[PDB]
Amino acid sequence: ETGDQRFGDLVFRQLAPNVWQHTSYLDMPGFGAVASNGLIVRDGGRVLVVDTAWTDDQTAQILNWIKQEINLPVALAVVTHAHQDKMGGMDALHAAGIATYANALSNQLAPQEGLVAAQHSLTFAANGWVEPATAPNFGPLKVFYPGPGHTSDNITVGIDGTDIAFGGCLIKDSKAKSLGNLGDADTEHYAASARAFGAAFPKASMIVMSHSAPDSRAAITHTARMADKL
Ligand SMILES: [Zn+2]
Ligand SMILES: [Zn+2]
Ligand SMILES: [Zn+2]
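Method-wise, the PDB entry is recorded as coming from X-ray crystallography, at a reported resolution of 1.647 Å.

Following this line, the structure appears as structure tokens:
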């Protein structure tokens, strides 16, 4: 936590020369603050964002941090499924003029989940890789749909040119006691989807997730083993 920066209500952690983790918190009374993590990636003269914060105001703070610390324009944001911790700040991205992308299924589910859809839809091949025409100019972001797990629409993102891959809410840390929120989950296919994420990015050694600090690939294997028991 030495290299963690407090900026407003958020926390930023540099993971690589060109990759930062953003963390926002939603306080639930009686339970305490709950963190949600996303990514900020520099790609030459532009910035790419993975996931919003819980709220519009927090997402505006992410943009403010990028402006202060990097001072380059945000080209696009990818959001990894239609839940509040990943898409709760879509209006802030749109007000800033940032192009937003999500799984077509995320955009179709967003209204039913109390959310605004992204402005562009990603589609995927039968083996999970994104159709490149739907992800134009994504630079180092390599988007992979691993199959239904935490939700039916959850997607994951490898950062090409680094050893980092983002599992979102599909992957839990190697010490996790449970798979988190399973209310929208596909318990039948979860284990295969977790393993497919590991197989898509087989050389990623730092696994970033939504609700725990970055971990080793033991996050992937532990998650799959928990899901085997479902
Ligand atoms: Zn979720
Ligand atoms: Zn739901
Ligand atoms: Zn979550």
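Draft legend 1. A look at the coordination of the zinc ion (ligand 1). Coordination of the zinc ion (ligand 1) by the protein involves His81 (NE2), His83 (ND1) and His150 (NE2), with metal-donor separations of 2.0 to 2.1 Å. Within one chain, the residues serving as donors to the zinc ion (ligand 1) are arranged as H-x1-H-x66-H. The distance between the zinc ion (ligand 1) and the zinc ion (ligand 3) comes to 3.7 Å. Assessed through its relative accessible area of 1%, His81 is described here as buried.

Draft legend 2. Here's a closer look at the coordination of the zinc ion (ligand 2). Of the protein atoms, only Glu113 (OE), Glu113 (OE) and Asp184 (OD) coordinate the zinc ion (ligand 2), at distances of 2.3 to 2.5 Å. Of this pair, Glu113 sits in the loop between helix 4 (104-109) and strand 8 (120-122) while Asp184 sits in the loop between strand 11 (164-168) and helix 5 (190-200), and the two are 71 residues apart along the sequence. Judged by relative accessible area, which is 36%, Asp184 ranks as partly exposed.

Draft legend 3. Structural view of the packing of helix 5 against helix 6 (residues 218-228). At a minimum axis separation of 8 Å, helix 5 and helix 6 run at an interaxial angle of 165°. Of the possible angle classes, the one that applies to helix 5 and helix 6 is roughly antiparallel. Here the hand of the crossing between helix 5 and helix 6 comes out left-handed. Where helix 5 approaches helix 6, its residues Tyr190, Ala191, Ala194, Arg195, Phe197 and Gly198 are matched on the opposing element by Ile220, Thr223, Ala224, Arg225, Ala227 and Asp228. By residue class, the composition of the contact of helix 5 with helix 6 is seven nonpolar, two polar and three charged.

Draft legend 4. Spatial organisation of the nonpolar core. Judged by nonpolar contacts, the single largest core of 24 residues is most densely connected at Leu122, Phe138 and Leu141. Elements with a minimum of two residues in this core: strand 2 (10-16), strand 4 (32-43), strand 5 (46-50), strand 6 (74-79), strand 9 (141-144), strand 10 (156-159) and strand 11. Setting aside its immediate chain neighbours within four residues, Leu122 contacts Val78, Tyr101, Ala102, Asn103, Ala104, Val130, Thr134, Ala135, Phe138, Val143 and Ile155. In terms of nonpolar packing, the next biggest core, distinct from the first, is built from 20 residues, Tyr190, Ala194, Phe201 and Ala204 among them.

What counts as what
Residues numbered from 1 in each chain as written, not as in the entry; some residues may be left out. Chains lettered and ligands numbered in written order. Heavy atoms only, no water. Donors = N, O, S within 2.8 Å, 3.2 Å for Na, K, Ca; no water. Buried < 20%, exposed > 50% of the residue type's maximum accessible area, 1.4 Å probe, protein only. Helix = DSSP H or I, 4+ residues; strand = E, 2+ residues; numbered from the N terminus. Axes fitted to C-alpha atoms, helices over the stretch in contact; angles between N-to-C directions. Parallel < 35°, antiparallel > 145°, perpendicular 65-115°, else oblique. Left-handed = near helix turned anticlockwise from the far one by under 90°. Contact = heavy atoms within 4.5 Å. Nonpolar A, V, L, I, M, F, W, Y, C, P; charged D, E, K, R; others polar. Core = buried A, V, L, I, M, F, W, Y, C linked by side-chain atoms within 4.5 Å.

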